[PDB]
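Student:
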Amino acid sequence: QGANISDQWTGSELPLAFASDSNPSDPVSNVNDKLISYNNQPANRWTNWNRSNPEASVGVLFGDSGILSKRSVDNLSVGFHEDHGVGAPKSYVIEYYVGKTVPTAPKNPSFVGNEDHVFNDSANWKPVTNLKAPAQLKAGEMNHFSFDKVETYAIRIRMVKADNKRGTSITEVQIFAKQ
Ligand SMILES: CC(=O)N[C@@H]1[C@@H](O)[C@H](O[C@@H]2O[C@H](CO)[C@H](O)[C@H](O)[C@H]2O)[C@@H](CO)O[C@H]1O
Ligand SMILES: [Ca+2]
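The sequence shown lines up with residues 1466 to 1644 when you count with the authors' numbering.
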């Protein structure tokens, strides 16, 4: 297992977690802060609980030594959280950035859908290929995904909430460079 290329680094803008939208008290910066909690002691999670769109994406924009960098990516791990109102999503696509335009850091990363940004244009994304995933997603553990290696500025997971919940919930993601 190589470098963790998703963790926040102190005094560095990158790498940076981003989301299309969020529950304001559950900001998307929670998914790469190296805290993992499946309860409220402490509560630590991104969610879109009680937001208007049932679908939302969460992603990592990559960095090397403080500045923007393409990374070679073939994996993703997601720790889904559940309670009475949030849970793992009923469906998901895992996508990577292909835009010719070099992406900038969003101004408000927890709510990328609310500003003009390359991430909001679906022509800038393609699905990963030859995905290996769990047969069923589970809250309460890191769910591991792998796929064909790609050189990208960013990957995201785009998710629709389960019908019996008010949002999707993630305590932490982790992405690793090749050994
Ligand atoms: C008693 C009551 O309804 N309290 C609510 C809280 O549930 C709510 O917090 C959110 O709850 C959802 C539960 O699925 C999830 O845990 C979210 O992460 C969390 O923010 C709060 C919203 O600020 O309002 C209270 O009314
Ligand atoms: Ca976390």
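C-beta atoms are modelled at their ideal positions from N, C-alpha and C, and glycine is treated no differently.
Using C-beta distances below 8 Å, list every residue in its chain close to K1643, excluding the 5 sequence neighbours before and after it, in chain order.
Tutor: Correct list, in chain order: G1467, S1537, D1539, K1614.
Student: Please classify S1471 as buried or exposed, where buried requires at least 16 other C-beta atoms within 10 Å of its C-beta.
Tutor: That one is buried.
Student: Could you say if the segment 1592 to 1608 and the segment 1542 to 1555 meet the contact criterion of at least three C-beta pairs nearer than 8 Å?
Tutor: At 8 Å Cβ cutoff, the stretches touch.
Student: Using the rule of at least 16 other Cβ atoms within 10 Å of the residue's Cβ for burial, across every protein chain shown, is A1588 buried or exposed?
Tutor: It counts as exposed.
Student: Quick check: the segment 1508 to 1515 against the segment 1578 to 1597, are at least 3 beta-carbon pairs closer than 8 Å?
Tutor: Touching, no, given that fewer than three Cβ pairs across the two stretches are closer than 8 Å.
Student: Am I right that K1535 and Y1618 are in contact with their C-beta atoms under 8 Å? What's the rounded C-beta distance?
Tutor: Correct: roughly 5 Å between the Cβ atoms.
Student: For a test of the three-state rule: what should DSSP assign to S1522, helix, strand or coil?
Tutor: Correct three-state label for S1522: strand.
Student: Please name the residue, chosen from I1640, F1641, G1632, that lies closest to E1520 on a Cα-to-Cα basis.
Tutor: Out of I1640, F1641, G1632, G1632 has the C-alpha closest to the C-alpha of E1520.
Student: Count the other CB atoms within 10 Å of the CB of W1474; is the residue buried (16 or more) or exposed (fewer)?
Tutor: With fewer than 16 Cβ atoms within 10 Å of its Cβ, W1474 is classed as exposed.
Student: Which same chain residues end up closer than 8 Å to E1478 when comparing Cβ atoms and leaving out the 5 residues on each side of it in sequence?
Tutor: Here the set comprises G1528, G1531, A1570.
Student: Would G1550 be called buried (16 or more neighbouring beta carbons within 10 Å of its own) or exposed?
Tutor: When all chains shown are included, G1550 counts as exposed.
Student: Hey, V1638 and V1523: beta-carbon distance below 8 Å or not?
Tutor: For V1638 and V1523, yes; Cβs fall inside 8 Å.
Student: Got a sec? Which residues, its chain only, sit under 7 Å from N1518 by beta carbon, not counting five neighbours each side?
Tutor: So the qualifying residues of the chain are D1486.
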